[PDB]
Ligand SMILES: NS(=O)(=O)c1ccc(CCN(C(=O)CCl)[C@@H](C(=O)NCc2ccccc2)c2ccccc2)cc1
Ligand SMILES: [Zn+2]
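Numbering (PDB author numbering), first residue to last: 3 to 125, 127 to 261.
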């Protein structure tokens, strides 16, 4: 009886094994655009992905992760609300069964079709396992997906999904450029939060881009052909792998833009 996104093991149950689920800095949250305040002290975000070295794509039974070589600083996130250097380790998505749901963060209660998380760890803590034990250990760059025009830079990801249909499958995924997943603008919202899956650790500085990327209906339909289950088990389509918005509590969401 492991955690997941079913009726019996979904987000409303997680608190029994992970009591931090009811904590003071849980993610995701609703972003109320009329309450978020422009902070002139923030900086321009620095997304440096030119030298990124992707290695593998894995179906972990919850999502699919594109993993990077993090054994040196190549692909790094700096600036914005961040002190120091955060190394890109993986990206993944959350998505829905239909286009009207799928994002984790919401914007004035609007749910997008999906959300991309680019996960980075603070290199002052030496390894990612040490970083997640710290309040400033991770930085997650969140990007909304809406359905419209295809995203060219997403198609290489779409086309390998058939090879990792079930939990525990992986495939070689070298030479993928994550720059192809970004919108034009780097305008963002930021707040202190958590991992959105167990173990729900309160170690994340969230940076959520205001501008969504457009993907095609055919692109997200292929996400929805993935399976939660392992090979040889009853098919459970990988859909609705999102946690809903959590209470904001004693937190402020800051805007990078006026
Ligand atoms: N939805 S969210 O963005 O809030 C979120 C939720 C959970 C996590 C932790 C996610 N995670 C695991 O769960 C265990 Cl596989 C770790 C992970 O992806 N590791 C893959 C990897 C390992 C070694 C080198 C390169 C890549 C792992 C462990 C520590 C830091 C980063 C990744 C990350 C992000
Ligand atoms: Zn995520």
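Here a beta-carbon is modelled for each residue, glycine too, at the ideal position from N, C-alpha and C.
| task | Determine the DSSP secondary structure at residue 17, reduced to helix, strand or coil. | result | helix
| Who does residue 193 pair with in a DSSP beta bridge? | 210 and 257
| Are three or more beta carbon pairs between the region 33-44 and the region 132-141 nearer than 8 Å? | no
| field | residue 78 - DSSP class collapsed to helix/strand/coil | value | strand
| query | Could you name the residues, in chain order, whose CB is less than 6 Å away from a heavy atom belonging to ligand 2? | reply | 94, 96, 119 and 199
| Supposed close pair residue 20, residue 202 - CB separation, criterion 8 Å | 6 Å
| query | Do residue 118 and residue 83 have their C-beta atoms within less than 8 Å of each other? | reply | no
| query | Rounded to the nearest angstrom, how far is the Cβ of residue 120 from that of residue 218, given a contact under 8 Å? | reply | The Cβ separation is near 16 Å, so there is no contact.
| said: Taking a contact to mean a Cβ-Cβ separation below 8 Å, would you say residue 60 touches residue 167 in this structure? | reply: yes
| message | With DSSP as the reference, identify every bridge partner of residue 246, one or two as the case may be. | response | None, per the DSSP bridge assignment.
| request: Rank 240, 69 and 47 by C-alpha distance to the C-alpha of residue 188 and give the top, closest one. | output: 47
| message | Is the beta carbon of residue 92 closer than 8 Å to that of residue 68? | response | yes
| Collapsed DSSP secondary structure at residue 93 in the structure displayed | strand
| Buried or exposed: which applies to residue 181, given that a residue is buried once 16 or more other Cβ atoms fall within 10 Å of its Cβ? | buried
| I think residue 124 touches residue 86, with their Cβ atoms under 8 Å apart; what is that distance to the nearest whole Å? | 6 Å
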